[PDB]
Structure formats: C-alpha cells, structure tokens
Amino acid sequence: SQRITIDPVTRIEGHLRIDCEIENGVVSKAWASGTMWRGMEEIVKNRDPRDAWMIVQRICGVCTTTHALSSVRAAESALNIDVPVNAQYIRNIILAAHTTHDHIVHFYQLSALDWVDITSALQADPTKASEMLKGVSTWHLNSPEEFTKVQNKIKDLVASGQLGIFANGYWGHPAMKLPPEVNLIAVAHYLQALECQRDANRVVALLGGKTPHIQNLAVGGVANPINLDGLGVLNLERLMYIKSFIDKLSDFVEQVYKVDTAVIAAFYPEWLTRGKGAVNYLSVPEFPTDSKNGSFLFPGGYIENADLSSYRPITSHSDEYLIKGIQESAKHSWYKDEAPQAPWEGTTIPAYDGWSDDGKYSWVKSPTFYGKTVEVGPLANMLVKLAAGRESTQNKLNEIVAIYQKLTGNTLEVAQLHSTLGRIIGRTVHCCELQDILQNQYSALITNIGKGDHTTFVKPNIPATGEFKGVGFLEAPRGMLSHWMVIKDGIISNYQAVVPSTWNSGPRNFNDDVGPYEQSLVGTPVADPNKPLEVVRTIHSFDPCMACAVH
C-alpha cells in the first residue's frame, strides 16, 4: 500500500497533478487535479459578442485556433448567421493544418519519451536500425547515415554533461522495452517531426496572419480578402504558396508517424489491454462545406456502453439531443455551485478550500452527457467514424493494423482499441485522414473562387434588446469543444466553455462517478512508485491540456 503524487506532470500543456493509491504494485484509485485557474469565462463577460473570440482564443496556445473558431460559431449560432462557404473552407484548412501540427507534436515531443530510452539509443547499430525498417516504410530519411548523425548528436549532448530537458529521465526503467535500434529510430523521427510540424503551421500562418493565435476570424466569416487580381490580399500567388506547404505534410504523416504508431504497439502490446477511461464516447461532426453551417466532411455521434452497432449519429451542430444532454457539476471542484448545470445557465464562482480526497480537489469541472461520464477525443472520434461505416477510417486503421501484423504476426480487434494504445492509434488515424481534408478543402476553395464567388464575410447585426443563446461546437484535437454564449441587451451576459480536456480530466462528479483519466489509471502496474512512468504513459495518451480543461 502507498500514496503517490505526480506534480507537475510534464510534457502536457499546463498545470496538472495526479495522485494515486497503489496496492500490491497496482494503482487502485487516482485523482486528477487542475491546479491553475484564470477565469477566462468571467473575463469575456459583458463584452460585445464580436469581441469574444480574440479573448477566449487565449484559453490555450497549444490548441490555438480551436477556441477562436468555437467562439465565432457560438455567436453565429445565437445570431442565426449562415457563414459564406469560402469562409468555411478557410476555417477548415486552418483547423486541419493546425491539428496536423498538434498531433505530431503530441506523439513525438510530448509522448515519445515515455516509451523511448535515449541512453539505449547510444548502444544502437545504425545500419541494423535502418535494416529493420525495410518493407515497413518508404520514408526517405531512414538511412544508416541519418541515424548515425542523430546518434552523434545524442552522444555530444551526453558528453557535455548538460542533458537539460533529457536530464534525470526514466532511462533503464523496467517498463522501457524498445531495443537500442528502435530507440535510435524514434529519436531521429522526433527531430524530423519538428520540420513537418513547422510546415503545417506555415499553412495556418498564411491564412491566419500568424500562429500561435490566429487573427483572421470574425463573427460572420473571415477577414481574408479574396481577390485573385489584387495586390496585398489573398490572390493566386498566396494560394499557391499555401498549397506548397499543404503538399509537404503527407509523406512524414504516412511514412513516419503512422508507421511509428504501429511499431510502438508491436513492442508494447500489453498497453492494448489497459487504460480504458470510459464506456461512452462522444464526437461532433467537423468541417462544414455548405453555405448553411452544415454538410460536414467528418461525421459525429454518441456511443453508449461501447456499442458501435447502436450508436446515435450527430449530423448537425444545432442537434437538440446533443445540446440538451450536456451539463457540468462542481461537487468535487473548487467552485460554489455544485448541482449539474446546463452551460447556458452555468456559473463559475471560485471557492478554493484546499485539497480533500472526498471533497474538492480540482479547478476542472465534471461534465456529463445525460448524467453519464464520457470520453472525448481521437479515440471517440475514430470509434464514431467506424460506427458510421466510414471507409476512409476503416482503411487507414487497417494500414496500421497490417504493419502491426507484419511485425508481430497478430491482429488488432476493436475491443483492443479501448485502451492507452488505442487512443494513440485514433490520434494517428485522425492525423492521416486530415491530409485528405486539406487537399479537398484547398481544391474546393480554388474551384469556388473560379466560379466567381469571392465572398468571405456577412456583417452581423446584434439586437439591442432581447436574450439569445448560441452554442458553437467543434471537434478539436483533444475532442468535442463547445462554447456557450448568452447575449442580453447586446452584450455577453453568460459565457461557458466546456472543453475536451474538461470531459476527460474532470474530477468525480455529482454522483461521485469517476471520469476518464481517473478511471483509466485503475489497474496500472507501477514497478517503482518513486518513478511512476506507467501512470504518465496512460495520462499522456489523452493529450492533456489543463489551460483548456480549466480556463
């Protein structure tokens, strides 16, 4: 028996504390705690609805773009504005390119060091490492000479005595299972990822005006002026530049990231049987392509009790079933009002009284869907796509499965996706499918501008009396995001964000049911309670963002 605290959890966005009871070398109960609050919901209150997006974008810089888009969608929902289709294509490109950046950074820079041992990479034979990938990847930068050069960077860093961000890591830990060669490959890919993620953000920047924190949105559409014959605006030259960066993403994503996902599964197959966080899953449809805020390229839905065959589809962001189900509770959170609240009637009144195992222990609220705990994010998103019979997603999953089979001689079944590795697999699949979203939406933009449609913005009117409510949904990198705005006498009278990491990281709820992070940890073996690597493996699979979770 033993009590541990992991504080801070690193390689996430923001401030997270994880506590665990360990019994007989296994986590028996856990607590997830968001330890930083800003009150962004309060800061944006009483402002013009049009101003919100620029303020609430600052909820998070890792998932930049997401809060901005969800906020304008919320205002557009309250005001009943149909966004011009060119603005949708531009919004879609930004979200898709951003998410590509985000997933890559997550797999490599945030997660890899849970599974990969850089000191073991020093023992690797670069030629064997290269030989291991023949007939697994066609990636052009897996040569022995590339690996030798990466190995020599690690070697120079170790010889300097200043390990910095690699200092005092979990080198030699019993849960580290990769051979030396595979550790060396992962580090090379870690460094190569940084170039791909930069290309993704160049796409974002050319439409957004910068990143982090885009500046091209508006309630009513976008601020990009489309004019193929205009100087200083979004013309054909600028579009061609954007396209040049879109085209650079695909190879790394398919030939490196996808393949590495299969490889890590092959060496850590037990991680397909642990880290289940919930039995219910939720995602919203994403990437609207019509002139009325619909015709989504990616579908959404609700899965209850892991039953894909009887899932409920969601094809619209104004779905009243989705809207009515969502509530949040603060019973075990540091806020005053504890009863489950629908977000249009939500309050965020701080009431910090210190940590208590059975009372309040987090700044994160506890969201429920018709009273149940739900996992959101790439796993939810993949399972929903599989439930809908989306062939693109089945095919992409199968490519990963085929690589895994080639390496292990075993297959993966859907039951095994409800796990730590399944979560990571969903994320990778998402990233791969987004490359076709980018190609499709760029082509749609070019075609539409060629048909003579250069419209980008509908100027809103905001009535000076009356009370109107809007909700903006978005399938963010970490899952279903919603912003909920009440407008009264022309200004924001209430603003509530329910953020995907809120769903996953939220503490025990009004009925004391356990949310996804806390549930996923039960049963985790812990070899060394002073160095609980196995715990952060599972938590990292959710891609935690605590600035998001708490805001």
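We number the residues from 1 along the sequence you see.
Between the two ranges 426-434 and 168-176, the one averaging a larger CA B factor in the entry: The deposited B-factors put 168-176 ahead on the C-alpha mean.
Of 136-144 and 476-484, the stretch whose C-alpha atoms average the higher B-factor in the entry: It is 136-144 that shows the higher mean C-alpha B-factor.
Criterion, highest CA B-factor; candidates, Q405, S283, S366, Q439: Going by the entry's C-alpha B-factors, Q405 comes out highest.
Per the PDB entry, maximal CA B factor within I326, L207, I154, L228: Going by the entry's C-alpha B-factors, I154 comes out highest.
Chain-relative CA temperature factor third for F510: It belongs to the highest third of the chain when residues are ordered by C-alpha B-factor.
Position of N494 among the chain's modelled residues by C-alpha B-factor, lowest, middle or highest third: Lowest third of the chain for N494's C-alpha B-factor.
Where the record places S392 (Cα B-factor, split into thirds across the chain): According to the entry, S392 has a C-alpha B-factor in the chain's highest third.
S520 - which third its CA temperature factor falls in, relative to the rest of the chain: CA B-factor rank for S520: middle third.
Position of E131 among the chain's modelled residues by C-alpha B-factor, lowest, middle or highest third: CA B-factor rank for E131: highest third.
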